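The block underneath contains the structure these notes are about, expressed in structure tokens.
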Number of protein chains: 2
Amino acid sequence: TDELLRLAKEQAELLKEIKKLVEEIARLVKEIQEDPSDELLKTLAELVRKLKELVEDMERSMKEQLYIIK
Amino acid sequence: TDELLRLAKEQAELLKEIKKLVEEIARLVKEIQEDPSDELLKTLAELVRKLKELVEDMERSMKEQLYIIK
């Protein structure tokens with residue numbers, strides 16, 4: 001109810017962060033194609049880990065919302 | 001009958017797909033760190049473009065859910 005709204009806004013903020021992060025990753029991959037250094041690849045690995053966390057967070061929020069709806 | 005349920009189920013399968021792709025990207029990055037070849041980096045760039053599209057696919061539904069719930 002008020003929870004469904006809270007969860008929806010939580011998901012929207014996560015989606016915003018995810019979209020932004022995926023765009024960042026795309027640009028970094030282009031840089032790495034120019035210079036595949038260890039440091040840039042370490043950074044990319046870190047961004048992908050962060051991305052997985054955000055996706056997990058959004059999935060958990062959506063599942064909780066599903067539970068409440070059901 | 002329940003549109004909030006329909007959409008929530010229609011965001012859950014997208015994220016499940018996104019989660020899979022993200023985990024694939026993570027493993028690929030690890031391989032690129034071992035062999036940063038042009039071919040593997042071209043593949044990574046393709047996977048990230050596909051990821052962008054899936055994230056965008058979540059946008060309309062997210063906005064609908066928000067509109068419906070508010």
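The way I read the labels, and the way they are meant: chains A, B, ... in the order of the structure tokens, residue 1 as the first residue of every chain, and ligand 1 as the first ligand shown, with later ones counted on from there.
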**Study point:** chain B contacts on chain A, only C-alpha atoms, 7 Å, as a ChimeraX atom specification
**Key:** /A:5,8,12,19,22,26,29,33,36,41,45,48,52,55,59,62,66,69
Please produce chain B as an mmCIF file with C-alpha atoms, in the first residue's frame once it has been superposed on chain A, the fit using all Cα atoms paired in sequence order.
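Dumped everything to part-v4.cif:
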```
data_model
loop_
_atom_site.group_PDB
_atom_site.id
_atom_site.type_symbol
_atom_site.label_atom_id
_atom_site.label_comp_id
_atom_site.auth_asym_id
_atom_site.auth_seq_id
_atom_site.Cartn_x
_atom_site.Cartn_y
_atom_site.Cartn_z
ATOM 1 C CA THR B 1 0.574 4.959 3.100
ATOM 2 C CA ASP B 2 0.804 3.124 -0.227
ATOM 3 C CA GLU B 3 3.436 0.383 0.021
ATOM 4 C CA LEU B 4 3.287 -0.487 -3.671
ATOM 5 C CA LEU B 5 4.034 3.166 -4.409
ATOM 6 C CA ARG B 6 6.841 3.181 -1.846
ATOM 7 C CA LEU B 7 8.505 0.105 -3.369
ATOM 8 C CA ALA B 8 8.007 1.265 -6.967
ATOM 9 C CA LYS B 9 9.705 4.531 -6.066
ATOM 10 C CA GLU B 10 12.294 2.343 -4.300
ATOM 11 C CA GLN B 11 12.972 0.424 -7.510
ATOM 12 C CA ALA B 12 12.976 3.489 -9.766
ATOM 13 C CA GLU B 13 15.884 5.246 -8.062
ATOM 14 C CA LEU B 14 17.923 2.031 -8.096
ATOM 15 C CA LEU B 15 17.383 1.562 -11.810
ATOM 16 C CA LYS B 16 18.205 5.212 -12.456
ATOM 17 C CA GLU B 17 21.502 4.558 -10.653
ATOM 18 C CA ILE B 18 22.017 1.291 -12.559
ATOM 19 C CA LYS B 19 21.305 3.065 -15.854
ATOM 20 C CA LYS B 20 23.979 5.677 -15.062
ATOM 21 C CA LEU B 21 26.563 3.025 -14.193
ATOM 22 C CA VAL B 22 25.750 0.996 -17.307
ATOM 23 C CA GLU B 23 26.245 4.088 -19.487
ATOM 24 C CA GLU B 24 29.552 4.707 -17.683
ATOM 25 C CA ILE B 25 30.590 1.114 -18.369
ATOM 26 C CA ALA B 26 29.688 1.507 -22.044
ATOM 27 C CA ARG B 27 31.916 4.592 -22.431
ATOM 28 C CA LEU B 28 34.735 2.890 -20.535
ATOM 29 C CA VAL B 29 34.587 -0.149 -22.833
ATOM 30 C CA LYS B 30 34.947 2.220 -25.800
ATOM 31 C CA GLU B 31 38.116 3.631 -24.189
ATOM 32 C CA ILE B 32 39.429 0.126 -23.505
ATOM 33 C CA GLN B 33 39.003 -0.651 -27.197
ATOM 34 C CA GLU B 34 41.363 2.289 -27.824
ATOM 35 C CA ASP B 35 43.793 1.385 -25.013
ATOM 36 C CA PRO B 36 43.223 -2.014 -23.367
ATOM 37 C CA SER B 37 45.431 -1.253 -20.366
ATOM 38 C CA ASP B 38 45.509 -3.306 -17.158
ATOM 39 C CA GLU B 39 44.430 -0.240 -15.173
ATOM 40 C CA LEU B 40 41.299 0.507 -17.220
ATOM 41 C CA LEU B 41 40.330 -3.185 -17.172
ATOM 42 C CA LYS B 42 40.750 -3.262 -13.390
ATOM 43 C CA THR B 43 38.439 -0.249 -13.219
ATOM 44 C CA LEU B 44 35.888 -1.960 -15.466
ATOM 45 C CA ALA B 45 35.939 -5.077 -13.274
ATOM 46 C CA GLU B 46 35.288 -2.863 -10.235
ATOM 47 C CA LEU B 47 32.379 -1.114 -11.954
ATOM 48 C CA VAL B 48 30.846 -4.481 -12.880
ATOM 49 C CA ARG B 49 31.081 -5.787 -9.296
ATOM 50 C CA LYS B 50 29.316 -2.597 -8.205
ATOM 51 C CA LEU B 51 26.704 -3.262 -10.882
ATOM 52 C CA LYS B 52 26.167 -6.817 -9.583
ATOM 53 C CA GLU B 53 25.478 -5.420 -6.106
ATOM 54 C CA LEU B 54 22.887 -2.922 -7.366
ATOM 55 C CA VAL B 55 21.068 -5.606 -9.351
ATOM 56 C CA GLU B 56 21.004 -7.775 -6.215
ATOM 57 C CA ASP B 57 19.626 -4.776 -4.279
ATOM 58 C CA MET B 58 16.603 -4.897 -6.582
ATOM 59 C CA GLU B 59 15.877 -8.549 -5.795
ATOM 60 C CA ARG B 60 14.207 -8.314 -2.379
ATOM 61 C CA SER B 61 12.014 -5.423 -3.484
ATOM 62 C CA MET B 62 11.062 -7.235 -6.688
ATOM 63 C CA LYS B 63 10.051 -10.335 -4.730
ATOM 64 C CA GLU B 64 8.075 -8.193 -2.269
ATOM 65 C CA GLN B 65 6.203 -6.394 -5.036
ATOM 66 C CA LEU B 66 5.352 -9.721 -6.616
ATOM 67 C CA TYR B 67 4.195 -11.151 -3.280
ATOM 68 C CA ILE B 68 2.123 -8.070 -2.444
ATOM 69 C CA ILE B 69 0.456 -7.914 -5.863
ATOM 70 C CA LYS B 70 -0.297 -11.647 -6.267
#
```
